[PDB]
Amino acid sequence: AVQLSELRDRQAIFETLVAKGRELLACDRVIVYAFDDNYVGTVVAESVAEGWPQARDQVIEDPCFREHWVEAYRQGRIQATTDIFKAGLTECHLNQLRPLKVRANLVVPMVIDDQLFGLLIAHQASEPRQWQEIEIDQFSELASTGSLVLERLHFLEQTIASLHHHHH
């Protein structure tokens, strides 16, 4: 992004993704997990039910992405875990999730111009949860559609700047 209210319409889109995301799933938390150039994630938007810890504006350094999964998620990999305490996750992984009281999560990728911008992640905090096919599909389409909008909004801004500059 080149700013100048690009970041404005972006945040509005992130907020829509998390709001409609948690509404859809009726889960406890939905966040937008954005990467930097080193693929360190930051929660830039969060919808969370009352009584649960807010994960908003939190920097979480997880190396597994840059080391293993960046390309996979770029290809549209989805990860649905019914119970995080029975998925063979290590303690270091769990310690990131416990303060957020996570019991089950659904991870779908946000791909913008063939780059893994980030992840749309949903949390169930009260108890385990088997995510249904219809839920996974709609949730993935929510993430990818939002990403496509961001993608085409950016090219639109670049086209507008280009056309105005070269105008006779």
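Between two forms, the rigid core is the largest collection of C-alphas that superpose within 1.5 Å. Sequential numbering from 1, following the sequence displayed.
Undergrad: Please tell me which region, 6-14 or 143-151, has C-alphas lying farther from the displayed form on average in 5 other deposited structures of this protein, with superposition done on the core.
TA: Farther on average in 5 other deposited structures of this protein: 6-14.
Undergrad: After a rigid core fit, does 104-112 or 122-130 show more C-alpha displacement in 5 other deposited structures of this protein?
TA: Per-stretch check in 5 other deposited structures of this protein: the more divergent one is 122-130.
Undergrad: Tell me which of 130-138 and 50-58 has the higher mean C-alpha B-factor in the deposited entry.
TA: According to the PDB entry, the answer is 50-58.
Undergrad: Quick one: higher average CA temperature factor, 116-124 or 62-70?
TA: Mean C-alpha B-factor is greater for 62-70.
Undergrad: Considering every modelled residue of the chain and its Cα B-factor in the PDB entry, is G41 in the lowest, middle or highest third?
TA: For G41, the deposited C-alpha B-factor lands in the middle third.
Undergrad: Thinking about Cα B factors across the chain, which third does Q79 belong to?
TA: It falls in the bottom third of the chain.
Undergrad: Going by the entry, which third of its chain does the Cα temperature factor of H167 land in?
TA: Highest third.
Undergrad: Looking at the entry's B-factor column for C-alpha atoms only, identify whether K20 ranks in the lowest, middle or highest third of its chain.
TA: Bottom third by C-alpha B-factor.
Undergrad: Within this chain, which third does the Cα B-factor at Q11 fall in: lowest, middle or highest?
TA: Highest third - that is where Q11 ends up once the chain's C-alpha B-factors are sorted.
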